[PDB]
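**Q** Take this structure first; my questions come after.
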Amino acid sequence: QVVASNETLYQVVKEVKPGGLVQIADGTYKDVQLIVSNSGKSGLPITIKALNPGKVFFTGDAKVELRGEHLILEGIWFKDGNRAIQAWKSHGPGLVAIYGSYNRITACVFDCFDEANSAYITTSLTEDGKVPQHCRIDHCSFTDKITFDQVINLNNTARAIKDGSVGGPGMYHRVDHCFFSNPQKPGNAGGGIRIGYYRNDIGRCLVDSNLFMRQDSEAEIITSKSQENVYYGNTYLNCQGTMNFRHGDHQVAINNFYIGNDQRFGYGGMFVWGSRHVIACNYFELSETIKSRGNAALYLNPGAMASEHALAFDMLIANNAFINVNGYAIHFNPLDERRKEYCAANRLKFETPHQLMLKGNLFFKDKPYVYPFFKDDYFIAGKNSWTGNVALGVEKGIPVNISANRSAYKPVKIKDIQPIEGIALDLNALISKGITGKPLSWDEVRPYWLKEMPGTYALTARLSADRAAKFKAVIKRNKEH
């Protein structure tokens, strides 16, 4: 039914049956506490949506909890928030917390909600330990987030000092067609998306067709902290950070576009920890790279095997293109001084990237940038294998024999890559085709009912006076007194 107030909303949701449809009348729902405990059924989900998306706003000291299964939240605009700053925390449930499996949140807008630290959307474990699975977050816009923690957290474990060989279960969630553009916070303040927490956690989540435009929250655009996650067809435009395989081996990044097209900031990028990854058909064209990280497009982490800063080794880097990157195409030992010290302080064995299979990659440069294609201060003959790559425009930087014949460049056929269980993608076929399509635009991801881009950071790299003030206050109270 049609509800026009928080109370009637609460009541109808408490009575709604599988296949039900709850439509929220045009208006503002202030301090709304939407708790959905009932469940829809496969093929008969319960849909809660604005009667007219774009005219329903959830505001104030609000909160949404999707606890049942087979639920759908659609066409809601979250703004003018006021949650208590002393009641919410990073690593806690998000503004919208999904505790049940098979749930979907689509065509919703989150725009500089409030000052309470937390993610905007999270999948959270119930107090008894159950892990949500098969959820989808799509066609949602996340802009001008001025609070700590990621925009989205996909959890399969509770935060703990850790490292008991145990690991979290596979989630099988999907995040697609979303828009992320948020201002830069100091330090490890939470980025765009986090999946899992430690290397023993299994993710098997699909993140595809998302547009990150000036997603500058922190150093990490995406901090993938679980095994077997697949990142496909995502566009990262002028983002001050890198898309990372932070914890967990065997991760996949295929046909993503990393583009930096101005000189305003340093952009990225992918920083890779761990082994057995598949990094293929990605396109890197960065006008400026990140100085603090080593000025590169692809960073391969030096360190101790399977540690907190897992050595990056034994992986496939194929059919990628590094076009006019103003920095190294590939840095083989970024942050090595810090990593060495870290290993020494933890009695770990410091090692450097090796057993890398670099096949059919294109490295090209014709602009007046000064960086050779590669940096490997620990180069050892034969530690890595190079086959079918092409490089021209600048010195390579390392003693490797590579074809300079561009007209003969051809992506390589790969056919021994096992697909990830639960994810319907033919990895061998996708890699073999080479790089397809091009960067995604706003119209290709925006909520069907939304015409204009919310917020101001994406197009101006600036926050309004009111939002800039709140942002400083948030940052200030989180720093030493």
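Quick note on naming: the chains in the structure tokens go A, B, ... in the order shown, residues restart at 1 in each chain, and ligands are numbered from 1 in order of appearance.
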What lies within 9 Å of stretch 33-35 of chain A using only C-alpha atoms, ignoring chain neighbours under 6 positions off, as a list in words?
**A**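 Skipping anything fewer than 6 positions along the chain leaves residues 6, 9, 10, 13, 14, 61, 62, 63, 64, 65, 66 and 67 of chain A.
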**Q** Would you save the residues from that selection as a tab-separated table (two decimals), in the first residue's frame, using N, CA, C and O atoms?
**A**
```
chain	number	residue	atom	x	y	z
A	6	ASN	N	5.93	8.20	8.66
A	6	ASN	CA	6.80	7.17	9.22
A	6	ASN	C	5.99	6.08	9.90
A	6	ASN	O	6.24	4.89	9.69
A	9	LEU	N	4.28	3.79	7.57
A	9	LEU	CA	5.32	3.03	6.89
A	9	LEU	C	5.70	1.84	7.77
A	9	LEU	O	5.75	0.70	7.31
A	10	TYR	N	5.97	2.11	9.05
A	10	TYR	CA	6.34	1.08	10.02
A	10	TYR	C	5.28	0.00	10.08
A	10	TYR	O	5.58	-1.19	10.05
A	13	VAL	N	4.95	-2.20	6.75
A	13	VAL	CA	6.10	-3.08	6.59
A	13	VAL	C	6.00	-4.27	7.53
A	13	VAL	O	6.48	-5.36	7.23
A	14	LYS	N	5.33	-4.06	8.66
A	14	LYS	CA	5.16	-5.13	9.64
A	14	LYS	C	4.10	-6.15	9.19
A	14	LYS	O	4.08	-7.28	9.68
A	61	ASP	N	17.71	11.98	11.88
A	61	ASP	CA	18.35	10.91	12.64
A	61	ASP	C	17.71	9.63	12.15
A	61	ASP	O	16.93	9.00	12.87
A	62	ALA	N	18.04	9.26	10.92
A	62	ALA	CA	17.47	8.09	10.27
A	62	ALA	C	18.33	6.84	10.30
A	62	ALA	O	19.49	6.86	10.72
A	63	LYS	N	17.74	5.75	9.82
A	63	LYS	CA	18.38	4.45	9.80
A	63	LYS	C	17.49	3.42	9.10
A	63	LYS	O	16.28	3.44	9.26
A	64	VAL	N	18.11	2.55	8.31
A	64	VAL	CA	17.39	1.49	7.62
A	64	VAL	C	18.08	0.15	7.86
A	64	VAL	O	19.29	0.03	7.70
A	65	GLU	N	17.30	-0.84	8.27
A	65	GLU	CA	17.81	-2.19	8.51
A	65	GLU	C	16.99	-3.20	7.71
A	65	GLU	O	15.79	-3.32	7.91
A	66	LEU	N	17.64	-3.89	6.78
A	66	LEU	CA	16.96	-4.92	6.01
A	66	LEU	C	17.38	-6.24	6.65
A	66	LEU	O	18.44	-6.80	6.35
A	67	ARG	N	16.55	-6.72	7.57
A	67	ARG	CA	16.86	-7.95	8.28
A	67	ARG	C	16.31	-9.24	7.68
A	67	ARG	O	16.92	-10.30	7.83
```
**Q** So, counting only C-alpha atoms, which residue among A:379, A:198, A:442, A:449 is closest to residue A:51?
**A**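 Closest residue, counting only C-alpha atoms: A:449.
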**Q** Considering only C-alpha atoms, state which residue in the set A:231, A:350, A:371, A:283 is at the smallest distance from residue A:420.
**A**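 Using only C-alpha atoms, the shortest distance to residue A:420 belongs to A:231.
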**Q** Within 8 Å of stretch 285-292 of chain A, counting only C-alpha atoms, which residues qualify if same-chain residues fewer than 3 places away don't, as a list in words?
**A**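 Final neighbour list, sorted by chain and number: residues 240, 241, 258, 259, 260, 261, 262, 263, 265, 266, 267, 268, 269, 295, 296, 297, 322, 323, 324, 325, 326 and 327 of chain A.
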**Q** Report as an MDAnalysis selection string: the residues of stretch 62-307 of chain A with a DSSP assignment of strand (DSSP E or B), based on the backbone of this structure.
**A** chainID A and resid 63:66 71:74 77:81 96:98 104:106 109:111 121:123 136:138 141:143 152:154 174:176 179:182 193:195 202 206:208 211:215 220:225 227 230:232 235:237 242:247 252:254 257:260 267 270:272 275 278:280 283:286 289 296:300 303
**Q** Let's have the selection written as an mmCIF file, in the first residue's frame, with C-alpha atoms.
**A**
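And here is the file that came out, result_15.cif:
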```
data_model
loop_
_atom_site.group_PDB
_atom_site.id
_atom_site.type_symbol
_atom_site.label_atom_id
_atom_site.label_comp_id
_atom_site.auth_asym_id
_atom_site.auth_seq_id
_atom_site.Cartn_x
_atom_site.Cartn_y
_atom_site.Cartn_z
ATOM 1 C CA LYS A 63 18.382 4.447 9.804
ATOM 2 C CA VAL A 64 17.387 1.493 7.616
ATOM 3 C CA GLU A 65 17.813 -2.186 8.509
ATOM 4 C CA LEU A 66 16.957 -4.917 6.006
ATOM 5 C CA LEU A 71 13.654 -7.431 0.053
ATOM 6 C CA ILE A 72 14.092 -4.460 -2.275
ATOM 7 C CA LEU A 73 14.587 -0.796 -1.352
ATOM 8 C CA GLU A 74 14.220 1.469 -4.393
ATOM 9 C CA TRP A 77 17.030 9.984 -1.576
ATOM 10 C CA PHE A 78 18.975 10.226 1.699
ATOM 11 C CA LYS A 79 19.930 13.815 2.622
ATOM 12 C CA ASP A 80 19.817 16.375 5.449
ATOM 13 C CA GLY A 81 20.824 13.785 8.030
ATOM 14 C CA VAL A 96 21.430 1.260 5.476
ATOM 15 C CA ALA A 97 22.468 -2.039 7.026
ATOM 16 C CA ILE A 98 21.638 -5.274 5.249
ATOM 17 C CA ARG A 104 18.690 -5.417 -3.146
ATOM 18 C CA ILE A 105 19.042 -1.652 -2.809
ATOM 19 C CA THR A 106 18.683 0.117 -6.150
ATOM 20 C CA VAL A 109 20.750 8.598 -3.685
ATOM 21 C CA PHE A 110 23.126 9.214 -0.759
ATOM 22 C CA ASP A 111 24.366 12.811 -0.755
ATOM 23 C CA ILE A 121 25.513 0.916 3.034
ATOM 24 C CA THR A 122 26.832 -2.268 4.665
ATOM 25 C CA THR A 123 26.043 -5.968 4.726
ATOM 26 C CA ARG A 136 22.977 -6.438 -4.779
ATOM 27 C CA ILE A 137 23.604 -2.702 -4.580
ATOM 28 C CA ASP A 138 23.043 -1.072 -7.958
ATOM 29 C CA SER A 141 24.753 7.476 -6.271
ATOM 30 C CA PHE A 142 27.180 8.212 -3.410
ATOM 31 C CA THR A 143 28.382 11.827 -3.293
ATOM 32 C CA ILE A 152 30.132 0.560 1.266
ATOM 33 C CA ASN A 153 31.371 -2.306 3.500
ATOM 34 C CA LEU A 154 30.666 -5.939 2.554
ATOM 35 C CA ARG A 174 27.222 -7.649 -6.563
ATOM 36 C CA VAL A 175 27.851 -3.921 -6.693
ATOM 37 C CA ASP A 176 27.164 -2.476 -10.128
ATOM 38 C CA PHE A 179 28.513 6.371 -8.856
ATOM 39 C CA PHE A 180 31.186 7.317 -6.317
ATOM 40 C CA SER A 181 32.677 10.791 -5.871
ATOM 41 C CA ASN A 182 33.785 11.886 -2.414
ATOM 42 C CA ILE A 193 34.342 -0.075 -0.958
ATOM 43 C CA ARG A 194 35.744 -2.713 1.406
ATOM 44 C CA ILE A 195 35.076 -6.422 0.979
ATOM 45 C CA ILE A 202 36.502 -15.600 0.929
ATOM 46 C CA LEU A 206 31.319 -9.101 -8.322
ATOM 47 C CA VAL A 207 32.018 -5.382 -8.634
ATOM 48 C CA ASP A 208 31.298 -4.280 -12.175
ATOM 49 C CA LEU A 211 31.954 4.811 -12.135
ATOM 50 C CA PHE A 212 34.385 6.241 -9.615
ATOM 51 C CA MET A 213 34.875 9.905 -10.501
ATOM 52 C CA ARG A 214 37.146 11.752 -8.103
ATOM 53 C CA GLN A 215 36.577 9.041 -5.511
ATOM 54 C CA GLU A 220 42.297 3.210 -1.227
ATOM 55 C CA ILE A 221 39.526 3.531 -3.838
ATOM 56 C CA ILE A 222 38.581 -0.052 -3.071
ATOM 57 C CA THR A 223 40.298 -2.093 -0.399
ATOM 58 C CA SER A 224 39.503 -5.653 -1.412
ATOM 59 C CA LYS A 225 40.252 -7.719 1.686
ATOM 60 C CA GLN A 227 39.716 -13.899 -1.845
ATOM 61 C CA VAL A 230 36.085 -9.984 -9.446
ATOM 62 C CA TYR A 231 36.363 -6.383 -10.594
ATOM 63 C CA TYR A 232 35.141 -6.039 -14.164
ATOM 64 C CA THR A 235 35.854 3.151 -14.617
ATOM 65 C CA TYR A 236 38.092 5.142 -12.294
ATOM 66 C CA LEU A 237 38.269 8.736 -13.499
ATOM 67 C CA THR A 242 44.322 3.073 -6.171
ATOM 68 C CA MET A 243 42.058 0.045 -6.550
ATOM 69 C CA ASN A 244 43.630 -2.550 -4.260
ATOM 70 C CA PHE A 245 43.911 -6.289 -3.707
ATOM 71 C CA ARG A 246 44.755 -5.476 -0.070
ATOM 72 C CA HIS A 247 44.299 -8.875 1.621
ATOM 73 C CA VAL A 252 40.568 -10.730 -10.459
ATOM 74 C CA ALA A 253 40.620 -7.344 -12.203
ATOM 75 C CA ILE A 254 39.561 -7.401 -15.859
ATOM 76 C CA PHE A 257 39.734 1.798 -17.028
ATOM 77 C CA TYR A 258 42.068 3.877 -14.894
ATOM 78 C CA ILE A 259 42.016 7.373 -16.384
ATOM 79 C CA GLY A 260 43.578 10.617 -15.197
ATOM 80 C CA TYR A 267 45.703 9.632 -9.742
ATOM 81 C CA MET A 270 46.154 -0.458 -8.613
ATOM 82 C CA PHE A 271 48.268 -1.477 -5.607
ATOM 83 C CA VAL A 272 48.552 -5.247 -5.332
ATOM 84 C CA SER A 275 49.521 -13.912 -5.064
ATOM 85 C CA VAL A 278 44.592 -12.242 -12.594
ATOM 86 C CA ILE A 279 45.171 -8.659 -13.739
ATOM 87 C CA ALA A 280 44.173 -8.402 -17.386
ATOM 88 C CA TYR A 283 43.603 0.292 -19.449
ATOM 89 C CA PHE A 284 45.820 2.799 -17.622
ATOM 90 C CA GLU A 285 46.257 6.362 -18.885
ATOM 91 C CA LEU A 286 47.271 8.629 -16.012
ATOM 92 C CA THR A 289 50.502 9.625 -10.648
ATOM 93 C CA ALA A 296 53.088 4.377 -10.974
ATOM 94 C CA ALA A 297 50.010 2.875 -12.615
ATOM 95 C CA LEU A 298 50.390 -0.651 -11.228
ATOM 96 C CA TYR A 299 52.158 -1.116 -7.881
ATOM 97 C CA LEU A 300 53.393 -4.606 -6.940
ATOM 98 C CA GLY A 303 57.150 -7.710 1.624
#
```
**Q** Out of stretch 121-356 of chain A, which residues get alpha helix (DSSP H) from DSSP, as a list in words?
**A**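 Residues meeting the alpha helix (DSSP H) criterion: residues 336, 337, 338, 339, 340, 341, 342, 343, 344 and 345 of chain A.
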**Q** Just C-alpha atoms for this one: save the residues we selected as a PDB file, in the first residue's frame.
**A**
```pdb
ATOM      1  CA  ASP A 336      60.196  -0.993  -0.017  1.00  0.00           C
ATOM      2  CA  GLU A 337      61.972   0.923   2.753  1.00  0.00           C
ATOM      3  CA  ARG A 338      58.838   0.867   4.913  1.00  0.00           C
ATOM      4  CA  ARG A 339      58.091  -2.749   4.069  1.00  0.00           C
ATOM      5  CA  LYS A 340      61.639  -3.826   5.018  1.00  0.00           C
ATOM      6  CA  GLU A 341      61.337  -2.097   8.371  1.00  0.00           C
ATOM      7  CA  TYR A 342      57.887  -3.627   8.896  1.00  0.00           C
ATOM      8  CA  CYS A 343      59.249  -7.132   8.279  1.00  0.00           C
ATOM      9  CA  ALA A 344      62.258  -6.541  10.527  1.00  0.00           C
ATOM     10  CA  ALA A 345      60.037  -5.311  13.366  1.00  0.00           C
TER      11      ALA A 345
END
```
**Q** If I take atom CA of residue A:93 and atom CA of residue A:125, how far is one from the other in Å, to one decimal?
**A** 9.1 Å
**Q** Would you compute the distance between atom CA of residue A:444 and atom CA of residue A:177? Give it in Å to one decimal.
**A**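 Going from atom CA of residue A:444 over to atom CA of residue A:177, I get 7.4 Å.
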**Q** Which residues are close to residue A:416, i.e. within 12 Å by only C-alpha atoms, leaving aside same-chain residues fewer than 4 positions away? Reply as a ChimeraX atom specification.
**A** /A:278,316,426-429,431-432
**Q** Counting only C-alpha atoms, which of A:7, A:228, A:249, A:114 gets nearest to residue A:312?
**A**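 That would be A:249, the residue with the smallest distance to residue A:312.
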**Q** Taking into account only C-alpha atoms, which residue in the set A:418, A:330, A:393, A:351 is nearest to residue A:367?
**A**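 Going through A:418, A:330, A:393, A:351 one by one, the smallest distance to residue A:367 is for A:393.
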**Q** For a test of reading the model, state the distance in Å between atom CA of residue A:239 and atom CA of residue A:172, rounded to one decimal.
**A**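 Computed distance, atom CA of residue A:239 to atom CA of residue A:172, equals 26.4 Å.
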**Q** Which residue, A:282, A:156, A:210, A:355, has the smallest gap to residue A:311 when you use only C-alpha atoms?
**A**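 Among the listed residues, A:355 lies closest to residue A:311.
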**Q** May I have the residues within 6 Å of residue A:233 as number ranges by chain, using only C-alpha atoms and disregarding those fewer than 6 positions away in the same chain?
**A** A: 208-209, 255-256
**Q** How about saving the chosen residues, C-alpha atoms kept, as an mmCIF file, in the first residue's frame?
**A**
```
data_model
loop_
_atom_site.group_PDB
_atom_site.id
_atom_site.type_symbol
_atom_site.label_atom_id
_atom_site.label_comp_id
_atom_site.auth_asym_id
_atom_site.auth_seq_id
_atom_site.Cartn_x
_atom_site.Cartn_y
_atom_site.Cartn_z
ATOM 1 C CA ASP A 208 31.298 -4.280 -12.175
ATOM 2 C CA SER A 209 30.311 -1.287 -14.271
ATOM 3 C CA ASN A 255 38.907 -4.643 -18.376
ATOM 4 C CA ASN A 256 38.844 -1.731 -15.946
#
```
**Q** For residue A:54, please output as a PyMOL selection string all residues within 8 Å (counting only C-alpha atoms; exclusion window: fewer than 2 positions along the same chain).
**A** chain A and resi 50+52+56-57+75-77+449-450
